[PDB]
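Read the structure below first, then the notes.
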Amino acid sequence: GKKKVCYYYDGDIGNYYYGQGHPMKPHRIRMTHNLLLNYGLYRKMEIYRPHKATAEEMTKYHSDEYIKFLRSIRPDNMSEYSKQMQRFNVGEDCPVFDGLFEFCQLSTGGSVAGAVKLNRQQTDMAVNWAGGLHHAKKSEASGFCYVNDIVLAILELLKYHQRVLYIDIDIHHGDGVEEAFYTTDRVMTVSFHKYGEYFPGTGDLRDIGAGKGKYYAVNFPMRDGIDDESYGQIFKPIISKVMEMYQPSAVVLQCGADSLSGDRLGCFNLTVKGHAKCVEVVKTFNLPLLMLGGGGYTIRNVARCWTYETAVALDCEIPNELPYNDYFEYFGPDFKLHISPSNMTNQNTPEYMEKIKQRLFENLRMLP
Ligand SMILES: CCC(O)(O)CCCCC[C@@H]1NC(=O)[C@H]2CC23CCN(CCCCCCCC[n+]2ccc4cc(ccc4c2O)-c2cnc1[nH]2)CC3
Ligand SMILES: [Ca+2]
Ligand SMILES: [Ca+2]
Ligand SMILES: [Zn+2]
């Protein structure tokens, strides 16, 4: 039936700025919040302000030296850290910006707080649109991500759950999360992503885990132009087979919106309904669920996507006509919630989709 949903948001999150021209815009988190507030979705959720995660909470995964660096570096002192910046991959993709550490603390705080709430059985779903920063590594920033809030949230869930399933629908491969749990069977990682001449370059369908983790990493490599029909055709069957074989007791779903049509960095053709169908599929299994953000670089579409996915979590129907809001002008010229796919060619033929699905099904047969 209808579930209890807890939502994590800090009003300061939208003020963090990666710099002129940088595609990552935390302001999209504030647009999402304002849109969902104007639709009246606040009357149905418990809204919490996450704490600022401590360096100690972050070192449950990350190295002490890397977290000390993140807590110390600032634009005014960068000149003295040229050596550590290279070592930790701080540069154009992962720049030093004012309040970088506080931004990591809020992104992380929401994911860990959500995981604690799920562990205490005080909510059915926990949502943190500021999280989902899946590329961050143990001692290195990567792909606009500095602290891997997902890995930290999963480590929290592992305190009470024997098996945790991680599903990632961002257009980029969830490499940081896959790497963290690559040799364990206590987490199964499933990523659907563009593969081929695309960041981060990992996520081949032959990457299936190692040691005790063999068969516990799943990768579905895709080409440009995937649409709702094609994505829907493989997502439910793969997730149903994973649920059947793995029997997880908690799920984490990274809802990166860069897989939508018209994304500045992505080359997929999903609509908000197509993307949200993934949330409907996962929610149907009735397991404790942590829903996180991730990519999304056409910010009006990210706000639409995550507002609609919050409505899906709440089993609340909301009109296509957008309510007036603080960023109304960003949603022109139509001022509607749902989006149309483009005329781009879908390079993922129906035969390619079925063939990759069948290869993944062979690997899933290898689980105990
Ligand atoms: C949140 C989860 C997520 O959704 O999975 C995150 C997705 C991460 C994607 C990362 C990907 N990195 C690469 O493919 C690296 C191989 C690359 C090396 C670095 N250059 C950056 C050139 C920057 C030059 C201009 C400097 C200022 C403005 N600015 C900054 C960063 C930019 C990044 C991207 C596009 C313009 C910039 C610009 O215009 C950019 C696009 N794709 C990348 N970076 C690029 C090429
Ligand atoms: Ca992915
Ligand atoms: Ca694994
Ligand atoms: Zn992405």
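We're numbering straight along the sequence, starting at 1. The figures that follow rest on heavy atoms only: side chains count, while hydrogens, waters and symmetry mates do not.
- Side-chain contact of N219 with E178: a donor-acceptor pair under 3.5 Å is present, judged by distance alone.
- The aromatic rings of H172 and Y297 lie perpendicular to each other, with more than 60° between the two planes, well past the 30° mark.
- When every heavy atom of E57 is checked against every heavy atom of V112, the shortest pair comes out as OE1-CG1, 4.0 Å.
- Between the side chains of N286 and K3, at least one donor N or O sits under 3.5 Å from an acceptor N or O.
- Residues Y8 and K117 have side chains that never bring a donor and an acceptor to within less than 3.5 angstrom of each other.
- Side-chain rings of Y246 and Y216 approach one another, their centers coming within less than 6.0 Å.
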### Query
Where do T202 and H173 land on the side chain to side chain donor-acceptor pair (under 3.5 Å) test, with the steps shown first?
CA-CA 7 Å; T202 52; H173 176 232; 2.8 Å; yes
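- Under the 6.0 Å cut-off for aromatic ring centres, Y308 and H275 do not qualify, their centroids lying 6.0 Å or more apart.
- Across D168 and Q254, no two heavy atoms sit closer than the pair OD1-OE1, 3.4 Å.
- No hydrogens or angles considered: a donor-acceptor pair under 3.5 Å links the side chains of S111 and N128.
- Under the 6.0 Å cut-off for aromatic ring centres, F97 and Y17 do not qualify, their centroids lying 6.0 Å or more apart.
- Checked against a 6.0 Å centroid threshold, the rings of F144 and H135 do not count as neighbours.
- A salt bridge links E354 with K357; the closest basic N to acidic carboxylate O contact falls under 4.0 Å.
- The aromatic ring centres of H33 and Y7 sit less than 6.0 Å apart.
- Judged by distance alone, the side chain of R223 and the main-chain N or O of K194 form no donor-acceptor pair under 3.5 Å.
- Here the shortest heavy-atom pairing between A153 and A115 reads O-CB, 3.5 Å.
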